[PDB]
Amino acid sequence: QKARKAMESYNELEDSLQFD
Amino acid sequence: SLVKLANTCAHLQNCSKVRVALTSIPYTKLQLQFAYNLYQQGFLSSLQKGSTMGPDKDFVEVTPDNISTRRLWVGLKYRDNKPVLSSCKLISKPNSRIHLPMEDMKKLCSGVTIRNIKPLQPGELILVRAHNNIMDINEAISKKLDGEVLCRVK
Amino acid sequence: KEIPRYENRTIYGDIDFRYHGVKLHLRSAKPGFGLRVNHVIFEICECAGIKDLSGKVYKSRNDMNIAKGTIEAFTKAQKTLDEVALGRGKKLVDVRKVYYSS
Amino acid sequence: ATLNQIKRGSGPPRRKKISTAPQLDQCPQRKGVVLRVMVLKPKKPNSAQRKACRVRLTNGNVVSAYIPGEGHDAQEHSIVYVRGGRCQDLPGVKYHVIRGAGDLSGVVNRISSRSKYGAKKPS
Amino acid sequence: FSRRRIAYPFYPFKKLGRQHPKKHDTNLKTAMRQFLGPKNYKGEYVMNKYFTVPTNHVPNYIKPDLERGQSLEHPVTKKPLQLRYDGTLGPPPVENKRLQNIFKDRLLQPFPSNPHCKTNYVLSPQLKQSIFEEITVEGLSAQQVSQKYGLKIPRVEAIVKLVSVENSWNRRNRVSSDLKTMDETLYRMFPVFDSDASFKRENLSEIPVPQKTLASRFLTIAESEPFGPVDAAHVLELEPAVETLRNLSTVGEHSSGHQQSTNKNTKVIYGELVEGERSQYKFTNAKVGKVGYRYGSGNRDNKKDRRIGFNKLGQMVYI
RNA sequence: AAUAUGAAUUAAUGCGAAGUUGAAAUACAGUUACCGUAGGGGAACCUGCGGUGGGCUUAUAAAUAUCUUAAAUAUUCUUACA
RNA sequence: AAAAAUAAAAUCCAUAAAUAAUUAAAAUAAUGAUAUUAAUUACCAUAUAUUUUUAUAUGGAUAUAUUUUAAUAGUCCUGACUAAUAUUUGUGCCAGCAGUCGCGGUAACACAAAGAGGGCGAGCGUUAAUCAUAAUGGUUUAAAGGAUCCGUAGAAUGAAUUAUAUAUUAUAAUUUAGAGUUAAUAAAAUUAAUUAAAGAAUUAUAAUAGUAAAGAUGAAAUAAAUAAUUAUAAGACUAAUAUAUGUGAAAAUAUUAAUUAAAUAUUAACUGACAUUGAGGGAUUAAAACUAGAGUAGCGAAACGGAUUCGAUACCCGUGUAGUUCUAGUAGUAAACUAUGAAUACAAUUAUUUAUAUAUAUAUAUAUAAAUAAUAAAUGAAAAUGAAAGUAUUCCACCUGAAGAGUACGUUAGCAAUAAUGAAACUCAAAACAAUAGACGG
RNA sequence: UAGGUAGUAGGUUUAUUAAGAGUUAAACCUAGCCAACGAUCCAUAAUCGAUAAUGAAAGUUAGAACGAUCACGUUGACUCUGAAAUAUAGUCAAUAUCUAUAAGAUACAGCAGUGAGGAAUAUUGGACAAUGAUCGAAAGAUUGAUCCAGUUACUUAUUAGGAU
Ligand SMILES: [K+]
Ligand SMILES: [K+]
Ligand SMILES: [K+]
Ligand SMILES: [K+]
Ligand SMILES: [K+]
Ligand SMILES: [K+]
Ligand SMILES: [K+]
Ligand SMILES: [K+]
Ligand SMILES: [K+]
Ligand SMILES: [K+]
Ligand SMILES: [K+]
Ligand SMILES: [K+]
Ligand SMILES: [K+]
Ligand SMILES: [K+]
Ligand SMILES: [K+]
Ligand SMILES: [Mg+2]
Ligand SMILES: [Mg+2]
Ligand SMILES: [Mg+2]
Ligand SMILES: [Mg+2]
Ligand SMILES: [Mg+2]
Ligand SMILES: [Mg+2]
Ligand SMILES: [Mg+2]
Ligand SMILES: [Mg+2]
Ligand SMILES: [Mg+2]
Ligand SMILES: [Mg+2]
Ligand SMILES: [Mg+2]
Ligand SMILES: [Mg+2]
Ligand SMILES: [Mg+2]
Ligand SMILES: [Mg+2]
Ligand SMILES: [Mg+2]
Ligand SMILES: [Mg+2]
Ligand SMILES: [Mg+2]
Ligand SMILES: [Mg+2]
Ligand SMILES: [Mg+2]
Ligand SMILES: [Mg+2]
Ligand SMILES: [Mg+2]
Ligand SMILES: [Mg+2]
Ligand SMILES: [Mg+2]
Ligand SMILES: [Mg+2]
Ligand SMILES: [Mg+2]
Ligand SMILES: [Mg+2]
Ligand SMILES: [Mg+2]
Ligand SMILES: [Mg+2]
Ligand SMILES: [Mg+2]
Ligand SMILES: [Mg+2]
Ligand SMILES: [Mg+2]
Ligand SMILES: [Mg+2]
Ligand SMILES: [Mg+2]
Ligand SMILES: [Mg+2]
Ligand SMILES: [Mg+2]
Ligand SMILES: [Mg+2]
Ligand SMILES: [Mg+2]
Ligand SMILES: [Mg+2]
Ligand SMILES: [Mg+2]
Ligand SMILES: [Mg+2]
Ligand SMILES: [Mg+2]
Ligand SMILES: [Mg+2]
Ligand SMILES: [Mg+2]
Ligand SMILES: [Mg+2]
Ligand SMILES: [Mg+2]
Ligand SMILES: [Mg+2]
Ligand SMILES: [Mg+2]
Ligand SMILES: [Mg+2]
Ligand SMILES: [Mg+2]
């Protein structure tokens, strides 16, 4: 649960940084 | 024989992959008409009658004595590191023959999938047989002929 | 890489390309048709400059292999009208384009 | 398969969702009488005291229905209305009772999503 | 990835600092007051460069990208004014080079993000009278006037129809001072049409694009075979495109070729009218198998596509 | 006689927690596993007979070597000689 | 950059309704249930001008003006799929939420709420249903090639030329490239069935001298010998060669000989598409098992003992019954495996054998097939396949998540064990393959 | 559900009918007919469209509404009249109810309405003005056909305030 789902939020977060 | 025609279409694809300049096909009226259409449409460089061993240099009359040893020799074309004749497939298959009226042939050439036959693509040749003569589909439409959709060459 | 484009808007004809487990069926479309394809293919078409396209992906829908398959299909599975004409020694006419010509 | 095998029946299996509420007999909901109210333990990794109820539907089928919401006044012989929908963590509980219908009242003091818990709008 | 994003200005503005607890202000509201400038006692925004209409036939369309959000200028000298630390408006430190040489196309583009939308040219009151007098008095055809002034035939026909309405209004003194004031103001806001200016002239070769032709058919013919528009038309089973253009130019009511008589072949009977009868019967010959309301036709009244029409009186009626 | 219903009565099986008796399988799993079949045993399993590899192709030396002008000559050479 | 918020109020201007007048049309010869008609007009009527419409002026009508006048939406949702960033409170694996993955054990974006936000909107949500959403599929290794071959139907497929016809079919004639028949020449000695033989060894018995231990195991112990040399009897098996090479439909098949049957290549002549595949059906089919009668050395389920062990219903040892053998049958199952159905056309190389043919300056050389090995291309989830698992065509069998289950019930067949056929419910969001990097390995 | 069929398959003749035929009844012959491309049997279901839903499409689903067709009017059989009826007729019987107790009448699947069942589907309304239908020479009479309204967000559509 941790490994698989943790990145969903981070990789979308990477996209958050892209707009920043 | 549609089986023989399927064998020839597969044979030409195999020869194109290895890029042999010259190959032979069975000597029959259907095969000769098929090859002649490809030659006139620019898919084949040459079309010569011959034997099992090679094309004839001088005319050799065909008779029952040598019919079993006759072959048709066709020259394949390659330009810019690409085969001109890349694919050759039957439409009307031995176990499912497709006869279309001229109206449905016009729809096939207009982008409409008829009886699961994908429509004619740019630069593709679709051959039709009518009264034992092979012609391009566009020519059959010009002559108002209904016929069997045999094969598509690209 | 440069990809051939028919009228700088679409592909030349239809493409049935197999890239590993991905079966790509791409069809050319009329002007103003838009991109109606897998989302991965949509992004590639946008960057490449393809505006009109229809298609369906069968078997594997792995995003990575769809993208690579699409790029490969646009280069190895297309032939320009000019290349077909020269190879066959024939003239290929776009009927729709001639209809609106002088 | 060959062309003749397709002619003889061979083909792709059809895709259509299957019924998950067979006891309702293709009805949106069915009235029933509570036989016994019970408390059940979720399957792991969940932990809770899930309120359920055994119900005899008007068609004779006896089912186990989950009582949603915080707090319920369901008892034996209470008239309840059962709808489709399973309780994922409770195996064998494939139905829901409708709050605010029959003898089961709406959730007390429910503010949000009231329509799902039979709670009327506060003036 | 997507999140809610408050629509803050893309250009730099003076954000709110420490605020007195009762102001309850927002950064969006303060950015708007900076765009608008001060509001006078009359409720006007004189410092905003868009408050007043242009009077030189050049549209004053918003150019936020080129002026970087600086919308304030002196109301009389039209000289840029920007906010300073003191809270006052004064000359900018550096001139804006992006606002002095603007492309001609951009001047007519009202929306910064859409360069495919341009304003149309207003026709001068003189050209309209000339067109009106040529079609009506001199008896020229709409095709001739269209090819002369570079205007599409429908626009030519509309000008005649509208000038007729302006004559009746001026013949009954229905054009008031306010209407005259408004008309002149709006006339001085748009670029005037110049029949001589080639770029301003409207394209006169446009035809509707059919659907059967929209597909892409290809023919492999002999390398030296000529194939032209007429041959293509035969392949697509359509009239030549030039013929379509010619048939579309004979549609104007004042255009040459306008003809409608092949339909005057339907027997009609007007029933006898007697004194006291409130209506007359009109009978139109029809053919069995075509006339009549069909039996078992699809009822669409309870469907989203229910047919809705309008009668001669303009009343909404179900069809 | 069939169909439906209930039914004394009786068979098979799933899940849930949860201990217990052993340690059968996965490494050479500590007796190679499995297939068919037969017998035996609290339980897994054990034993006989043939079959399969989804285990051993994972495969890797008994070694032994020779004479023609060593240069005033080959080694150098830059479009030259011929 | 944290807003709520142009939102509110307020200001300007409207229309609906009301009120008043007017009033069609459904229907006309007349008749209107609907009906307190729709619509229109804003003091009513009239004249003139006047796309519409507008405008002026008039007759009557009220005190210069002319009826009055508005605007309270719900419902779901904001972790991902999936639009919803402004934060905050309560709860603490409880309460509860949940279409799927999941959330909750004290900083809960998921529970219950506040703020803010996103949908749809006189509807919103929810349940029950329908359509769509992958066969432009697969079966060596993931669900799936039938044990094998023979062959019937096939409303399955299938050569060549010409001429007709009503035309991808039919008919006729003609043809020999597929498929066959016979012979000639050369080659080979295998595979079936049957009959007749041989061989090494083993066990038992007896004799002989010769002794006191022998046999077994990890170590042990259980049951005139052991060893040696002779003689006799019995049953089963088949060392090297040997590669199961080869042969056979598969299962199978390697001591010898014989009889019968079948099997190879090329050439000559002949038939003239007579072919391919094959539902059903038929035949054959290891080991075990069973029926009847013989046989029984060795081996060996079971059983009874000896050991080992904490225990040992085992692994090891002893005694050893069924069985293993033969004859006549039943049965038709195996990891019956290449985990890969059969046929045809075709495609780039090398190496090594084999076969036939050719040549000679006689032992090689040159040809054409087959087999095997390694590959190109191609294919593939990859491992890999490689003349197929490539490019194509034809026919058959089979598969459609896991578990339940090759089970239950019924039926058919069998002496019997059983074999074939072969479900559903319940439950779950799993389950599986190839490959990668580790860890571990008595 | 693997065998089924015995008027069963076919032939000949009469009866019956406007008329063919094992359609029905009688007689006499032949041994056939159907079936693993599914017979027979069992279960389920009114059928369909230029109708509705869905899809790119082939299709799939529905069969309420509009229209077409069939069957039935509490159940079964039979008869009469007739061109045509096993008639919503008549006869007899079955089931239920009723009052007049008779070889009786009734059967709401006509309209409205009631109880029951169910998650769930409405007024015991107005009018023959319109379109039809029946009777009448006509005047006209009748018409729960039909046309209207009522109930119900069940569906669709319009409106449900603009500028500042
Ligand atoms: K074991
Ligand atoms: K076994
Ligand atoms: K065993
Ligand atoms: K809302
Ligand atoms: K595979
Ligand atoms: K072998
Ligand atoms: K012949
Ligand atoms: K056959
Ligand atoms: K068979
Ligand atoms: K024995
Ligand atoms: K094997
Ligand atoms: K087969
Ligand atoms: K049947
Ligand atoms: K109804
Ligand atoms: K009437
Ligand atoms: Mg909720
Ligand atoms: Mg989002
Ligand atoms: Mg052990
Ligand atoms: Mg073990
Ligand atoms: Mg082991
Ligand atoms: Mg034992
Ligand atoms: Mg064994
Ligand atoms: Mg292993
Ligand atoms: Mg291995
Ligand atoms: Mg009003
Ligand atoms: Mg009237
Ligand atoms: Mg908290
Ligand atoms: Mg959520
Ligand atoms: Mg919440
Ligand atoms: Mg709130
Ligand atoms: Mg609505
Ligand atoms: Mg599909
Ligand atoms: Mg296969
Ligand atoms: Mg096999
Ligand atoms: Mg198998
Ligand atoms: Mg031959
Ligand atoms: Mg001895
Ligand atoms: Mg041997
Ligand atoms: Mg071999
Ligand atoms: Mg066969
Ligand atoms: Mg025996
Ligand atoms: Mg033993
Ligand atoms: Mg047998
Ligand atoms: Mg078995
Ligand atoms: Mg088997
Ligand atoms: Mg074997
Ligand atoms: Mg064969
Ligand atoms: Mg069995
Ligand atoms: Mg693996
Ligand atoms: Mg008769
Ligand atoms: Mg009969
Ligand atoms: Mg008879
Ligand atoms: Mg029914
Ligand atoms: Mg249907
Ligand atoms: Mg209906
Ligand atoms: Mg149906
Ligand atoms: Mg109805
Ligand atoms: Mg009836
Ligand atoms: Mg009846
Ligand atoms: Mg009756
Ligand atoms: Mg009744
Ligand atoms: Mg009723
Ligand atoms: Mg009820
Ligand atoms: Mg009435």
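The sequence lines fix the lettering, A, B, ..., with proteins before strands; numbering per chain opens at 1.
- OP1 or OP2 of G:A392 sits under 4.0 Å from a side-chain N or O of B:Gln13.
- Judged by the sign of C1'-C2'-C3'-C4', H:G67 carries a north-puckered sugar.
- Checking G:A27, G:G158, G:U393 against the side-chain heavy atoms of B:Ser1 singles out G:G158 as nearest.
- Side-chain N/O atoms of D:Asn4 include none lying less than 4.0 angstrom from OP1 or OP2 on G:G154.
- Using Watson-Crick or G-U wobble geometry with both donor-acceptor distances under 3.5 Å, G:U353 finds its partner in G:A370.
- Judged by Watson-Crick and G-U wobble geometry, where both atom pairs must sit under 3.5 Å apart, G:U340 and G:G90 do not count as a base pair.
- Using the sign of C1'-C2'-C3'-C4' as the criterion, G:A405 falls on the south side of the pucker cycle.
- When each of G:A112, G:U136, G:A128 is scored by its nearest atom to the side-chain atoms of D:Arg110, the top-ranked nucleotide is G:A112.
- With G:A3, G:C77, G:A397 as the candidates, the nucleotide lying closest to the side chain of D:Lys116 is G:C77.
- With 3.5 Å as the limit, one finds no donor-acceptor pair spanning the side chains of C:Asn62 and C:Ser60.
- Here B:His11 lies in heavy-atom contact (under 4.0 Å) with sugar-phosphate atoms only.
- For D:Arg15 and H:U60, the shortest distance from a side-chain N or O to OP1 or OP2 is not below 4.0 Å.
- In this structure, B:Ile67 reaches the bases: a heavy-atom distance under 4.0 Å links it to at least one base atom across the strands shown.
- In this structure, F:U10 forms no base pair with any nucleotide, since neither Watson-Crick nor G-U wobble geometry is met with both distances under 3.5 Å.
- Base pair annotation for H:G59 with H:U54: paired, by the Watson-Crick or G-U wobble rule (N1-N3 plus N6-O4 or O6-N4, or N1-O2 plus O6-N3, under 3.5 Å).
- With G:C76, F:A17, G:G158 as the candidates, the nucleotide lying closest to the side chain of B:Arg97 is G:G158.
- Taking the six-membered ring for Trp and thresholds of 30 and 60 degrees, E:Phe13 and E:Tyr11 have ring planes more than 60 degrees apart, a perpendicular arrangement.
- Of the side-chain N and O atoms in B:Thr113, none sit less than 4.0 angstrom from OP1 or OP2 of H:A57.
- Here B:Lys89 lies out of heavy-atom contact (under 4.0 Å) with every strand.
- Side-chain proximity of B:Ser68 to the nucleotides G:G74, G:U176, H:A157 is greatest for G:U176.
- Pairing of G:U31, defined by two Watson-Crick or G-U wobble distances under 3.5 Å, is not identified with any nucleotide.
- With both hydrogen-bonding distances under 3.5 Å required, G:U284 and G:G178 do not qualify as a Watson-Crick or G-U wobble pair.
- For D:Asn46 and G:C103, a side-chain-to-base donor-acceptor distance below 3.5 Å is present, hydrogens and geometry of angles not being considered.
- Below the 3.5 angstrom threshold, one finds no donor paired with an acceptor across the side chain of E:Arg5 and the base of G:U85.
- A canonical Watson-Crick or G-U wobble pair links G:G401 to G:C428, with each of its two hydrogen-bond distances shorter than 3.5 Å.
- Searching all strands for a Watson-Crick or G-U wobble partner of H:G117 with both distances below 3.5 Å returns nothing.
- Both D:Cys27 and D:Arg14 sit near RNA chain H, but only D:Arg14 has its closest nucleotide nearer the 5' end.
- Sugar conformation, G:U168: south. The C1'-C2'-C3'-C4' torsion carries a negative sign.
- Applying the 90° criterion around 0 to the glycosidic angle, G:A177 comes out syn.
- In this model, the phosphate group of G:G390 is not approached by any side-chain N or O of B:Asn14 to a distance below 4.0 Å at OP1 or OP2.
- Between the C1' atoms of G:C317 and G:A220, the separation comes to 10 Å (whole Å).
- Contact annotation: C:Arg18 reaches the phosphate of G:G380 (side-chain N/O to OP1 or OP2, under 4.0 Å).
- Residue-level contact check: B:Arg129 touches the bases, meaning some heavy atom is under 4.0 Å from a base atom.
- Considering only side-chain N and O atoms, B:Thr28 lies nowhere under 4.0 angstrom from the phosphate OP1 or OP2 of G:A159.
- At G:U51, one or more side-chain N or O atoms of E:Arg172 fall inside 4.0 Å of OP1 or OP2 (strictly under the cut-off).
- In this pair, E:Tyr295 does not lay its aromatic ring on the base of H:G67; centres under 5.5 Å and planes under 30 degrees do not both hold.
- Taking 90° from 0 as the syn/anti boundary, the base of H:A50 is oriented syn.
- Using the rule of two distances under 3.5 Å, G:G323 and G:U349 do not count as a Watson-Crick or G-U wobble pair.
- D:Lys17 has no side-chain polar atom (N or O) that falls below the 4.0 Å cut-off from OP1 or OP2 of G:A132.
- Residue E:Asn299 is the one, among D:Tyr81 and E:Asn299, whose nearest nucleotide of RNA chain H lies closer to the 5' end (criterion: closest heavy atom).
- With both distances under 3.5 Å, H:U143 pairs with H:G132 in Watson-Crick or G-U wobble fashion.
- No donor-acceptor contact under 3.5 Å links the side chain of D:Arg83 to the base of G:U127.
- Here the side chain of D:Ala48 is nearest to one of G:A98, G:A95, G:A392, namely G:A95.
- Using Watson-Crick or G-U wobble geometry with both donor-acceptor distances under 3.5 Å, G:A183 finds its partner in G:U267.
- When heavy atoms are screened at a 4.0 angstrom cut-off, D:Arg86 is found touching the sugar-phosphate backbone but no base atom.
- With both hydrogen-bonding distances under 3.5 Å required, G:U136 and G:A348 do not qualify as a Watson-Crick or G-U wobble pair.
- At the heavy-atom level, A:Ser9 lies nowhere under 4.0 Å from the strands shown.
- When each of G:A27, G:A134, G:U168 is scored by its nearest atom to the side-chain atoms of C:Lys56, the top-ranked nucleotide is G:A134.
- For G:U52, its base sits under 3.5 Å from the side chain of E:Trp169 at one donor and acceptor pair at least.
- The partner of F:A27, taking Watson-Crick or G-U wobble pairs whose two distances both stay under 3.5 Å, does not exist in any strand shown.
- Here G:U28 has a north sugar; its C1'-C2'-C3'-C4' angle has a plus sign.
- Interface remark: the C:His20 side chain does not form any donor-acceptor pair with the G:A381 base, using a distance-only criterion of under 3.5 Å.
- If you check G:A383 against G:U140, you find a Watson-Crick or G-U wobble pair, both contacts below 3.5 Å.
- Residue-level contact check: B:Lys93 touches the backbone only, with heavy atoms under 4.0 Å from sugar-phosphate atoms and none from bases.
- Nucleotide G:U276 forms a Watson-Crick or G-U wobble pair with G:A156, both donor-acceptor distances falling under 3.5 Å.
- Among the nucleotides G:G138, G:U427, G:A5, the one closest to the side chain of E:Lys29 is G:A5.
- Judged by the 3.5 Å cutoff on both pairing distances, H:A141 and H:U134 qualify as a Watson-Crick or G-U wobble pair.
- OP1 or OP2 of G:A397 has at least one side-chain nitrogen or oxygen of D:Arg8 nearer than 4.0 Å.
- Across all strands shown, H:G10 forms a Watson-Crick or G-U wobble pair, both distances under 3.5 Å, with H:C29.
- When the nucleotides G:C426, G:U393, G:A345 are ranked by their closest atom to the side chain of B:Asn7, G:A345 comes out on top.
- An OP1 or OP2 oxygen of G:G102 is reached within less than 4.0 angstrom by no side-chain nitrogen or oxygen of A:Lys2.
- The side chain of B:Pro94 lies closest to G:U394, out of G:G96, G:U394, G:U136.
- Pucker check on H:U44: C1'-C2'-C3'-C4' positive, sugar north.
- Pairing check for G:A172 against G:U203: the two fail the Watson-Crick or G-U wobble geometry, since the two atom distances are not both under 3.5 Å.
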